[PDB]
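Q: Quick one: this structure, given as structure tokens, is what I'll be asking you about.
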Number of protein chains: 2
Amino acid sequence: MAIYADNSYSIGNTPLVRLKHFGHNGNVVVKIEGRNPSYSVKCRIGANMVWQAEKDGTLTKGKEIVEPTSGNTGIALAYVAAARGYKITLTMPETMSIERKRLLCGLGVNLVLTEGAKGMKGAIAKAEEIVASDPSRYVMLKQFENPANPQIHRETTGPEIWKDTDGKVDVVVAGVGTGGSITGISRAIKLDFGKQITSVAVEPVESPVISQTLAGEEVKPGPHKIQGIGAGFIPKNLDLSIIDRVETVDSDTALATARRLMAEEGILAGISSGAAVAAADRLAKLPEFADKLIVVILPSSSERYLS
Amino acid sequence: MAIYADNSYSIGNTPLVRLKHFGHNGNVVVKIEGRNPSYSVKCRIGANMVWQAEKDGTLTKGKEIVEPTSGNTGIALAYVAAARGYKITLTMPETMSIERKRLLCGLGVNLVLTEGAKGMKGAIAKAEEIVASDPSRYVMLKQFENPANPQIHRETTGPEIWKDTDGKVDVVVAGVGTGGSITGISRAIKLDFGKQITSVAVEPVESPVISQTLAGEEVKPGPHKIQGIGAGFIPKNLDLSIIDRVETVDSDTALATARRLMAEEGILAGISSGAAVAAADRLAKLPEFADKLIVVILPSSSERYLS
């Protein structure tokens, strides 16, 4: 049959490509979630959070979705909302890019601009204000804590890795934003397939809150350029129990790495993709991981060389 | 196994999505070549033209690729060249967008800027000049006439349509730039699978050179905004013998249609996608095509709502 009823259903079955200038004897393979509706991993959780809300009764015909993300999740939710016919409001700082404004508005989003000076705090507060005004009408899917986030990764992303590696995957390397990808993928491979792999979270050296937490050191978030990761706290959808190792990468190296993916491998991937690869490459060049297959999530694609 | 040796190999197996606000009782299904390396159909011919040149001996290690396209084919060739380790020169008018300049340079292209005032004529002439200077060194793959163009479409795109429609496809609708997609797809379904479908070329009303030619009318190309199609002549890779029908669409409607794909279906597709859909919708709403499955190629994706 092989026909999809709407674009939300077309998520996943992402590539898997072997790198020739990273790792050791091609030990590093990279996913390419860029190959998705909306061109990011977030298409997966955008789909499943909506689907789950439907099954659960929390989202019905007539209720409206409100979230404050103006990142890849917004575009995911925007596409899904268009595909499934829901009104969405997204709240943004007024100082967000016209490109993203135009894109979200083009997708049929009711865009609500908040005070530049209040930043993301402003947008989040206003989203909660809107919901408070009529809860029976508005639904916020809360990506940092919604279980349907890691669940989609356990049911799709993880099995796809297992399947396309003939169960040979030894290591999974994934930057943490909401923590959903690493969490769901790890549960799939470790619990459902029963292979005791090494799960590796990646985070900015500028904001190493996972490493600080685990080291029992003071948590000290910080500014960084690795868009998509390093939220500055531990999300509820990051399952600390399934993480084996945490690697930090700096913004500069992440940027250089993303450039090399493009110029040396011909893969057009976002800064966070560069962060994850830089981390994977470092472990791939330890003798202990010489005979091991390392799979790296490239969360997004870049429509613009960060140059 | 399911691991790719480089990004050139990962082409194709594109979606297939059913539209809810076009056609009649979901008779229109849309491909989504946007789901490709470089985010366009051109990834297919970028891959195969290089591969074929390798097999044929025309492209070896050390020879360099030169083409004048600064459109989707360039990005395809740029990605393939990066993935396979070839030098590429692309010639462009000096007045091309910084975004595309930055993107191509980011992919490792040797970018050669030609006189704004000479336009595409300038860039094409300069590419030929470069080849003339050392033929033993430079290879121009010539997308309008290179057989490896429609060949890839016959071996992949076409079979994918056949396969994902359980052989139920009745009509194929495709805008013509080089003519490769319509040609290769039609040969596959008509000659290899033996189903006598209706093959429909689409072209701008502003530059209806296929329709003028077939009507024995004077060929009169013209300016238009439907980026990717209506080259203003009959390419050698457009096989007139496999075309059943030619539909014209205007730039305005193409633009409106691409907007509706985004807002009503949640599919982010280029202006040419809008052109092809507008044409498909019109035929889909004839009683004669009421019980027929119409498959439309969406050649590209748009990173920017044309708004």
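Going by the structure tokens order, chains are called A, B, ..., each with residues numbered from 1, while ligands are numbered from 1 in the order shown.
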List the spatial neighbours of region 135-140 of chain B as a PDB file with N, CA and C atoms, in the first residue's frame - criterion: any atom at most 8 Å away, only C-alpha atoms, same-chain residues fewer than 5 positions off excluded.

A:
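Saved file around19.pdb follows:
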```pdb
ATOM      1  N   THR B  58      35.040   8.497 -17.774  1.00  0.00           N
ATOM      2  CA  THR B  58      35.109   9.915 -18.094  1.00  0.00           C
ATOM      3  C   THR B  58      35.506  10.732 -16.864  1.00  0.00           C
ATOM      4  N   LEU B  59      35.147  10.239 -15.668  1.00  0.00           N
ATOM      5  CA  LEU B  59      35.526  10.829 -14.389  1.00  0.00           C
ATOM      6  C   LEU B  59      36.408   9.835 -13.633  1.00  0.00           C
ATOM      7  N   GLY B  62      41.239  12.592  -9.626  1.00  0.00           N
ATOM      8  CA  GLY B  62      42.144  13.621 -10.118  1.00  0.00           C
ATOM      9  C   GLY B  62      41.505  14.581 -11.125  1.00  0.00           C
ATOM     10  N   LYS B  63      40.598  14.079 -11.968  1.00  0.00           N
ATOM     11  CA  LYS B  63      39.808  14.946 -12.839  1.00  0.00           C
ATOM     12  C   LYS B  63      38.826  15.762 -11.995  1.00  0.00           C
ATOM     13  N   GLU B  64      38.373  16.912 -12.511  1.00  0.00           N
ATOM     14  CA  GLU B  64      37.517  17.812 -11.746  1.00  0.00           C
ATOM     15  C   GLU B  64      36.206  18.047 -12.481  1.00  0.00           C
ATOM     16  N   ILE B  65      35.126  18.264 -11.712  1.00  0.00           N
ATOM     17  CA  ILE B  65      33.805  18.470 -12.287  1.00  0.00           C
ATOM     18  C   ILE B  65      33.579  19.964 -12.397  1.00  0.00           C
ATOM     19  N   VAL B  66      33.058  20.373 -13.556  1.00  0.00           N
ATOM     20  CA  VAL B  66      32.636  21.744 -13.771  1.00  0.00           C
ATOM     21  C   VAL B  66      31.227  21.715 -14.384  1.00  0.00           C
ATOM     22  N   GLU B  67      30.301  22.493 -13.803  1.00  0.00           N
ATOM     23  CA  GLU B  67      28.964  22.716 -14.333  1.00  0.00           C
ATOM     24  C   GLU B  67      28.598  24.172 -14.040  1.00  0.00           C
ATOM     25  N   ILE B 130      36.492  27.021 -19.471  1.00  0.00           N
ATOM     26  CA  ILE B 130      37.341  26.340 -18.507  1.00  0.00           C
ATOM     27  C   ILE B 130      37.651  24.940 -19.020  1.00  0.00           C
TER      28      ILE B 130
END
```

Q: Could you please write out, as a ChimeraX atom specification, every residue of region 151-205 of chain A that DSSP assigns to alpha helix (DSSP H)?

A: /A:151-152,158-164,180-186

Q: Counting only C-alpha atoms, a student should be able to say which residues of chain A come within 8 Å of chain B; what is the right answer, written as a ChimeraX atom specification?

A: /A:1-7,10,15-20,29,35-38,78-85,99,102-103,106-108,163-166,259,262-268,303-305,307

Q: Per DSSP on the backbone, filter region 58-271 of chain A down to the residues in strand (DSSP E) and report them as a PyMOL selection string.

A: chain A and resi 64-67+88-93+110-114+138-139+169-175+198-204+245-249

Q: Write out as an MDAnalysis selection string each polymer residue whose atoms come within 12 Å of residue 234 (chain B), counting only C-alpha atoms; drop sequence neighbours fewer than 3 positions from it.

A: chainID B and resid 144:145 176:180 201 203 207:214 219:221 229:231 237:240

Q: In Å to one decimal, how far is CA of residue 155 (chain A) from CA of residue 296 (chain A)?

A: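 We find that CA of residue 296 (chain A) and CA of residue 155 (chain A) lie 18.0 Å from each other.
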
Q: Work out how far CA of residue 42 (chain A) is from CA of residue 297 (chain A), in Å to one decimal.

A: 12.3 Å

Q: Compile the contact shell of residue 251 (chain A) as a list in words: residues with an atom at most 8 Å away, counting only C-alpha atoms, same-chain residues fewer than 2 positions apart removed.

A: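 Residues meeting the cut-off are residues 204, 206, 224, 225, 226, 249, 253, 254, 255 and 275 of chain A.
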
Q: Mind writing the picked residues with N, CA, C and O atoms as a CSV table (one decimal), in the first residue's frame?

A:
```csv
chain,number,residue,atom,x,y,z
A,204,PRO,N,27.2,21.1,26.1
A,204,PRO,CA,28.3,22.1,25.8
A,204,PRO,C,29.2,22.2,27.1
A,204,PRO,O,28.7,22.1,28.2
A,206,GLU,N,30.3,24.8,27.9
A,206,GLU,CA,29.9,26.1,28.4
A,206,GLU,C,28.8,25.9,29.4
A,206,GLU,O,28.5,26.9,30.2
A,224,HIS,N,26.0,29.7,25.3
A,224,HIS,CA,26.6,28.8,24.3
A,224,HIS,C,25.8,29.0,22.9
A,224,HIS,O,24.7,29.5,22.9
A,225,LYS,N,26.4,28.5,21.9
A,225,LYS,CA,25.9,28.7,20.5
A,225,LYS,C,25.4,27.4,19.9
A,225,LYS,O,24.9,27.4,18.7
A,226,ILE,N,25.4,26.3,20.7
A,226,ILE,CA,25.0,25.0,20.2
A,226,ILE,C,23.5,24.9,20.2
A,226,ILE,O,23.0,24.3,21.2
A,249,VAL,N,31.4,19.2,24.7
A,249,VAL,CA,32.1,19.8,23.5
A,249,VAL,C,31.8,21.3,23.6
A,249,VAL,O,30.8,21.7,24.0
A,253,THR,N,34.3,24.0,18.4
A,253,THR,CA,34.6,22.7,17.8
A,253,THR,C,33.4,22.2,17.2
A,253,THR,O,33.5,21.6,16.1
A,254,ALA,N,32.2,22.3,17.8
A,254,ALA,CA,30.9,21.9,17.3
A,254,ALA,C,30.7,22.6,15.9
A,254,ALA,O,30.3,21.9,15.0
A,255,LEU,N,31.1,23.9,15.8
A,255,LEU,CA,30.9,24.7,14.6
A,255,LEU,C,31.8,24.2,13.5
A,255,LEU,O,31.4,24.0,12.3
A,275,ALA,N,28.4,19.0,17.3
A,275,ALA,CA,28.8,18.7,18.7
A,275,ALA,C,28.8,17.2,19.0
A,275,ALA,O,29.7,16.7,19.6
```

Q: How many Å lie between CA of residue 248 (chain A) and CA of residue 282 (chain A), rounded to one decimal?

A: 10.6 Å

Q: Using only C-alpha atoms, which protein or nucleic acid residues come within 8 Å of residue 199 (chain A)? Drop anything in the same chain fewer than 5 positions from it, and give the result as a PyMOL selection string.

A: chain A and resi 171-173+182+186+242-245

Q: Write the residues of the preceding selection, restricted to N, CA, C and O atoms, as a PDB file, in the first residue's frame.

A:
```pdb
ATOM      1  N   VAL A 171      27.482   1.574  20.562  1.00  0.00           N
ATOM      2  CA  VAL A 171      27.483   2.850  21.256  1.00  0.00           C
ATOM      3  C   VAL A 171      26.511   3.804  20.569  1.00  0.00           C
ATOM      4  O   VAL A 171      26.451   3.823  19.341  1.00  0.00           O
ATOM      5  N   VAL A 172      25.776   4.598  21.365  1.00  0.00           N
ATOM      6  CA  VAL A 172      24.881   5.627  20.849  1.00  0.00           C
ATOM      7  C   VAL A 172      25.272   6.962  21.461  1.00  0.00           C
ATOM      8  O   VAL A 172      25.379   7.095  22.675  1.00  0.00           O
ATOM      9  N   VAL A 173      25.455   7.955  20.597  1.00  0.00           N
ATOM     10  CA  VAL A 173      25.932   9.260  21.011  1.00  0.00           C
ATOM     11  C   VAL A 173      24.882  10.269  20.570  1.00  0.00           C
ATOM     12  O   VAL A 173      24.516  10.321  19.394  1.00  0.00           O
ATOM     13  N   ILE A 182      18.028  10.297  23.472  1.00  0.00           N
ATOM     14  CA  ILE A 182      18.937   9.391  24.170  1.00  0.00           C
ATOM     15  C   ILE A 182      18.144   8.404  25.036  1.00  0.00           C
ATOM     16  O   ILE A 182      18.490   7.226  25.089  1.00  0.00           O
ATOM     17  N   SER A 186      17.871   4.472  24.078  1.00  0.00           N
ATOM     18  CA  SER A 186      18.563   3.612  25.014  1.00  0.00           C
ATOM     19  C   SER A 186      17.600   2.564  25.583  1.00  0.00           C
ATOM     20  O   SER A 186      17.954   1.391  25.752  1.00  0.00           O
ATOM     21  N   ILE A 242      19.771   5.471  32.393  1.00  0.00           N
ATOM     22  CA  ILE A 242      20.186   4.833  31.139  1.00  0.00           C
ATOM     23  C   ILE A 242      21.407   5.507  30.503  1.00  0.00           C
ATOM     24  O   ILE A 242      21.858   5.027  29.460  1.00  0.00           O
ATOM     25  N   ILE A 243      21.929   6.597  31.085  1.00  0.00           N
ATOM     26  CA  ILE A 243      23.114   7.248  30.529  1.00  0.00           C
ATOM     27  C   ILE A 243      24.361   6.537  31.059  1.00  0.00           C
ATOM     28  O   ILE A 243      24.464   6.367  32.272  1.00  0.00           O
ATOM     29  N   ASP A 244      25.323   6.173  30.188  1.00  0.00           N
ATOM     30  CA  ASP A 244      26.576   5.574  30.653  1.00  0.00           C
ATOM     31  C   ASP A 244      27.686   6.608  30.858  1.00  0.00           C
ATOM     32  O   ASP A 244      28.523   6.471  31.754  1.00  0.00           O
ATOM     33  N   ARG A 245      27.696   7.640  30.021  1.00  0.00           N
ATOM     34  CA  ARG A 245      28.849   8.521  29.937  1.00  0.00           C
ATOM     35  C   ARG A 245      28.329   9.866  29.458  1.00  0.00           C
ATOM     36  O   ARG A 245      27.322   9.954  28.748  1.00  0.00           O
TER      37      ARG A 245
END
```
